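Observations on chain architecture
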4 protein chains.
Amino acid sequence: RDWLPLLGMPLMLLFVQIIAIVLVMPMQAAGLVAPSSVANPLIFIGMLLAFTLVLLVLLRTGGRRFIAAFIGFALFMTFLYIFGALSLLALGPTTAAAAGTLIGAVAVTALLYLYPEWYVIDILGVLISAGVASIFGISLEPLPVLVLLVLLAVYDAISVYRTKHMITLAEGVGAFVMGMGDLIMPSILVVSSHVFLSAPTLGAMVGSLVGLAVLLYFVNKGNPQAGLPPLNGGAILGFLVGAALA
Amino acid sequence: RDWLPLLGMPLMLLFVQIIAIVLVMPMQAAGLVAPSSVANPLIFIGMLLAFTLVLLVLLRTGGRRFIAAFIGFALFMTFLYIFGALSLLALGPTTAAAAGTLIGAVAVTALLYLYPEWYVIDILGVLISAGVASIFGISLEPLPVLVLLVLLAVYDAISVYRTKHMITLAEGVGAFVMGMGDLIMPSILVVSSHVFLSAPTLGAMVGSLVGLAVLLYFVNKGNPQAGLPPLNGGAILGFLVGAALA
Amino acid sequence: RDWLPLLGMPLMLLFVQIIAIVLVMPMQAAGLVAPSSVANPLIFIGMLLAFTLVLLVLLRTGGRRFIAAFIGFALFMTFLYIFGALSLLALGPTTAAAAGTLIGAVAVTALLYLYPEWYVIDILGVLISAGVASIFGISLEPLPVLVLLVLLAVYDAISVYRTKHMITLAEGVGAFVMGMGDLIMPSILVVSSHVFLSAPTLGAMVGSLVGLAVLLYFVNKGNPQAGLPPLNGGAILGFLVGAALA
Amino acid sequence: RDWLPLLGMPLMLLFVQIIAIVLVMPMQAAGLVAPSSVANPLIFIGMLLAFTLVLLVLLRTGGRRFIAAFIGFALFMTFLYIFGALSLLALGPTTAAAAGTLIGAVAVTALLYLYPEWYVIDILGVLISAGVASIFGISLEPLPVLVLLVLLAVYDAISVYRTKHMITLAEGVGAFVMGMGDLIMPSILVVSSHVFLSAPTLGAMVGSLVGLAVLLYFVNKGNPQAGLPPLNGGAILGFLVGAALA
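Residues numbered from 1 in each chain as written, not as in the entry; some residues may be left out. Chains lettered and ligands numbered in written order. Heavy atoms only, no water.

Per the deposition metadata, X-ray crystallography was the technique used to determine this entry, at a resolution of 3.95 Å.

Annotation of chain A in UniProt includes, under Subcellular location (unreviewed entry), the sentence "Endomembrane system". (UniProt positions renumbered as here; feature names shortened; annotations may be inferred.)

Rendered as structure tokens:
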């Protein structure tokens, strides 16, 4: 039946979550994060709009390959923190370890750039996504991340409703970034909870999976829905279910 | 009779001033402002032109929905300060108060983005306007504000004459920003005066209203007029009338 | 003979120099400058390319009168330092003096914007030009400024020659800014020399006048010349003549 | 016979290396560089993509002569450091030396702007190239630079292959910067090796020439190759050949 089709996505959810925890571990070996303040979601948001603004002024200042340069660089560095953390905790500070990581990132990005096999892409998308998930996950505690999630989810429902309405008005009345990006979003909370075989924040993971469930159901029906609020609403739900648990 | 039409604006003036005072109160619970030096107005102007300059490089770096993002965010935080002060006066530093404000701000902006009832808009315009009015009102004392006000009103009448003249030459010889913005302008002197049932800077308020009166008359006659100098000139008139009182 | 015609420019030279000295004075009442290091010309230049880059990115980000705004601000402030220096030297720190300056600058610029008599333009152009002349003039001593004059003059001879050639190849083989700007240029050395009835840097003034003589001669002949190097070469000449004097 | 024609390039390589050493010397007279950590290369790359980003936003902000101004200027200072080092090693700290370099730099750039003899251009290309070569050679040690070189050569071969692919796909299935720039590249490992009758990094020099040989072969055939990796791979080859020697 409908097993193998359209399950690869929540497969990627589970996967990215898993790799996000296993990435919880090695990162304190160098600190990271960035104080369980309620202002932190806001620092996040501000720095994100500046991040896009930068990305956009880049795009419009391309740069036939200079764009491809800049983003190749940024990717390479993020893989160097992934693999860096990995080996340099494992073999520890050894040259074997460090060179191991550099050579690692080199392999990965070089592959991703040479037109891979592009089932690979969902794999590296899974990896990076996990990476960021863990970073902001080690950074500060739930209630802040909760404010962030609710905030972002409402932003989404608003923008969706707006351009949907602007669809109905116009008569007479690469997506992967925002993708695997939104794959991460409600998982930064799954980390920052086990950072506050696992916790009762298994609950958050399954509630989240149920959010994606709702999404891939309703989207697969005619005339689409919002996006975040199913995911964040669902993850938050299952999470607060593992509250009435312990 | 002709009561209800075109009385909503002085309704908004009074309202904006009033809410600017009632917000004078709770704001000291967190300070804000910014020394009654006259160097403050120039710091002010410098910072305003830098702010718009940025707002516009945003505008041209749009951003199909990114623009609306950036400024929507700005709106949300500014409501977070409105309601933040609101609650943090009432129940004081309690968490209940703080969450109350955050959810307050979500309520307001989420509403404003979902196409409200749009007598709503003038209400929130009244609100924000009052907000800024109170802040710079708490920022420094009369004589600085007097210089600032005379200066601004003068810029206005000047550019009006320049581009008007440039209309009469060409033969052969979004508005809400400047709106509720200038709706604010002559009210900052109304606060910073009660900071220097009320003071004799009622005079400033009604003088301001007489400015608004003059404006709304001449505009309502053929061949329109300047804008600020009736409002600021009038407010200054009544304020400096409130010297012969106490 | 041709005395009254085409002498108004060297008239403006003398005048700007005169007003540059009389502005040497009140300016030390607050310090200013910006160490007789030879690195200073370079700081100047970098800051000038930034000054333009900003001015130009402004222009292209106009700003129907917003451009006129930004530059209105910058001007207003420069007149506030002119008049500020003037009165706040005269009556000293008195309220009478300071208000005297603000009202002064207001009068002057507001005049300049309401379509004055525009011989005024050469007068205020003379004033401002003098202002900056003195500012960098008090800023550091000769040998640095000597390097500056030579540097700028050679930049000029290159750029003019380059575009001359680009004219001659192209067959088959608002100006006031750079204007009164280039009027100042060789007088900043006339100040920073008397800052190290007057000195023998009368010499610089007359040498400068002779540079302008060569300029208005060759320019009034077919196929123009550089611009600076007659003036800076000349001012530096006459200046180094006031060396064999004392 | 065919001696004189087309031997000038490895001439410029060898030459640039030679002048890179002779300029290694005087440069320590003021320090320069920038800790043989491998964190240095990514700092580097980060900084280059940022620099280019700047060069390009300059480019879009032209600027009829403003561009040529900016970069001519930059050149001028870089010559100020070339010659600064030249004399200040030679004549030492004397004023005579310092002025000598400044006037030198003026002469050089002024020439370079007046359309030289263009065997001359290759001469100044050689000069500048040697300059930077010596700097990053003095900047940190081999193993970092090794990482840098391998990394860069890899970017190159990859982007070339990418746009090649995009050529063969489109059917149916200013250059001097990148030039003398990459001419420099494999000479920085040659310096930073002597900073770690000559070294066994003659091997690196001739290895570089053998790289240049390989390159100059494949390019001279139809359908070009990568570029860097013959040069860097070869330089690294000859260099790491100098290990079984000393």
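**A short note on the relation of the copies chain C and chain B**
Placing chain C over chain B gives an RMSD of 0.6 Å and needs a rotation angle of 92 degrees, together with 0.3 Å of translation along the axis. These values place the two chain copies in the arrangement generated by a four-fold rotation axis. Distance from the rotation axis, computed per C-alpha, reaches its smallest value in chain C at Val57(C): 6.9 Å. Comparing interface residues between copies, only 5% of those in chain C also lie at the interface in chain B; the contact surfaces differ. (Least-squares fit on C-alpha atoms. Contact = heavy atoms within 4.5 Å.)

**Some words on the nonpolar core**
Judged by nonpolar contacts, the single largest core of 127 residues is most densely connected at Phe76(B), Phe79(B), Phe83(B), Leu189(B), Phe76(C), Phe79(C) and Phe83(C). The contact partners of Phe83(C), leaving out residues within four places of it in the chain, are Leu88(C), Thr101(C), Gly104(C), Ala105(C), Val108(C) and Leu127(C). Residues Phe79(A), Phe76(D), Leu148(D) and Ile188(D) belong to the second largest nonpolar core, which totals 78 residues. (Core = buried A, V, L, I, M, F, W, Y, C linked by side-chain atoms within 4.5 Å. Buried < 20%, exposed > 50% of the residue type's maximum accessible area, 1.4 Å probe, protein only.)

**So, the interface of chain D and chain A**
At the interface, 19 residues of chain D touch 18 residues of chain A. Approximately 1,700 Å² of surface area, both sides summed, lies buried where chain D meets chain A, with 79% of it carried by carbon and sulfur atoms. The largest per-residue losses of area from chain D upon contact with chain A belong to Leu49(D), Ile158(D) and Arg162(D), which jointly make up 31% of the total buried on that side. The interface formed by chain D and chain A contains zero salt bridges. (Buried area = accessible area lost by both parts, 1.4 Å probe. Salt bridge = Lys/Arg side-chain N within 4 Å of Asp/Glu carboxyl O.)

**Focus on the relation of the copies chain D and chain A**
Of the two same-sequence chains, chain D is brought onto chain A (RMSD 0.7 Å, axial shift 0.4 Å) by a rotation of 91 degrees. Comparing interface residues between copies, only 5% of those in chain D also lie at the interface in chain A; the contact surfaces differ.

**Side note on the packing of aromatic side chains**
A complete count under the given rule lists 19 aromatic pairs over all chains for this structure. Measuring from centroid to centroid gives 5.8 Å for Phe79(B) and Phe83(B), while their planes differ by 20 degrees, and the two rings are stacked. Residue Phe79(B) and its partner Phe83(B) are located together in helix 4 (residues 66-89), separated by four residues, close to a single helical turn. The exposure class assigned to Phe83(B) is buried, which follows from its relative accessible area of 13%. Their ring planes at 20 degrees and their centres at 6.0 Å tell us that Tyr115(B) and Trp118(B) sit as a pair that is stacked. Given the relative accessible area of 47%, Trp118(B) is considered partly exposed. Joined through ring pairs, the aromatic side chains of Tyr161(B), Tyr115(C) and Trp118(C) make up one cluster. (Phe/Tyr/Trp six-rings, centres within 6.5 Å; stacked < 30°, edge-to-face > 60°. Helix = DSSP H or I, 4+ residues; strand = E, 2+ residues; numbered from the N terminus.)

**A short note on the interface of chain C and chain B**
Contacts between the two partners involve 19 residues from chain C, matched on the other side by 19 residues from chain B. The junction of chain C with chain B conceals about 1,700 Å² of combined surface from both sides, 78% of it contributed by carbon and sulfur atoms. In this structure, the connection of chain C to chain B is made through zero salt bridges. Run the count over chain C and chain B and you get two residue pairs in polar contact. Elements with a contribution of two residues or more to the side of chain C that touches chain B: helix 3 (40-60), helix 4 (66-89) and helix 5 (95-113) of chain C. Considering each element in turn, the side of chain C that touches chain B owes the most residues, eight residues, to helix 4 of chain C. Classifying every residue of the side of chain C that touches chain B gives 15 nonpolar, one polar and three charged. (Polar contact = N/O pair within 3.5 Å; in protein donor to acceptor, adjacent residues only side chain to side chain. Nonpolar A, V, L, I, M, F, W, Y, C, P; charged D, E, K, R; others polar.)

**Let's talk about the packing of helix 3 (residues 40-60) of chain A against helix 7 (residues 142-169) of chain A**
Residue and element names in this part refer to chain A. Where helix 3 meets helix 7, the closest approach of the two axes is 8 Å, and the angle between their N-to-C directions is 45 degrees. Of the possible angle classes, the one that applies to helix 3 and helix 7 is oblique. Residues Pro41, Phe44 and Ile45 of helix 3 form the contact with helix 7, whose own contacting residues are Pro144, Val147, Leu148, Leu151 and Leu152. The residue makeup of the contact of helix 3 with helix 7, split by class, is eight nonpolar, no polar and no charged. (Axes fitted to C-alpha atoms, helices over the stretch in contact; angles between N-to-C directions. Parallel < 35°, antiparallel > 145°, perpendicular 65-115°, else oblique.)

**Quick word on a positive patch on the surface**
A contiguous patch of positive charge, built from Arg60(A), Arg60(B), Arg60(C) and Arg60(D), is present on the exposed surface. Here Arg60(C) lies in helix 3. Classification of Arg60(C) as partly exposed rests on a relative accessible area of 34%. (Patch = residues over 30% accessible without salt bridge, like charges linked within 9 Å, V, L, I, M, F, W, Y side chains within 5 Å. Areas by Shrake-Rupley, 256 points an atom, 1.4 Å probe, with all protein chains shown as cover. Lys, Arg positive; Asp, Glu negative; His and termini not counted. Charge placed at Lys NZ, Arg CZ, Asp CG, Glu CD.)

**Here's the deal with the arrangement of the chains**
Note that chain A does not reach chain C: the shortest distance linking a C-alpha of one to a C-alpha of the other is 15 Å. The closest approach of any C-alpha atom in chain B to one in chain D is 14 Å; the two make no contact.

**Details of the environment of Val147(C)**
Following the sequence through the fold, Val147(C) ends up in helix 7 (residues 142-168). Sequence spacing of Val147(C) and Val132(C) is 15 residues, and the spatial spacing of their C-alpha atoms is 18 Å.

**What about unusual backbone geometry?**
Omega for the bond connecting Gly62(A) with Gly63(A) falls within 30 degrees of zero, at 5 degrees, which places this linkage in the cis form. Following the sequence through the fold, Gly63(A) ends up in the loop between helix 3 and helix 4 (66-90). The residue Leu32(A) is not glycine, and still its phi comes out positive at about 80 degrees. With respect to the helices and strands, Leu32(A) occurs in the loop between helix 2 (24-27) and helix 3. Relative accessible area serves as the criterion here: at 42%, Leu32(A) is assigned to the partly exposed category. Residue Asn223(B) is not a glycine yet carries a positive backbone phi of 65 degrees. Following the sequence through the fold, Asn223(B) ends up in the loop between helix 10 (202-219) and helix 11 (228-241). Overall, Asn223(B) belongs to the exposed group, its relative accessible area being 66%.

**Structural notes on the packing of helix 7 of chain A against helix 10 (residues 228-241) of chain A**
Residue and element names in this part refer to chain A. Helix 10 packs onto helix 7 with a crossing angle of 155 degrees between their chain directions and a minimal axis gap of 8 Å. With respect to their mutual orientation, helix 7 and helix 10 come out roughly antiparallel. Our pair here, helix 7 against helix 10, has a crossing hand that is left-handed. In this structure, helix 7 uses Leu146, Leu149, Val150, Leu152, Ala153, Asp156 and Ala157 to contact helix 10, whose residues at the interface are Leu228, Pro229, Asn232 and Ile236. Tallied by class, the residues present in the contact of helix 7 with helix 10 amount to nine nonpolar, one polar and one charged. (Left-handed = near helix turned anticlockwise from the far one by under 90°.)

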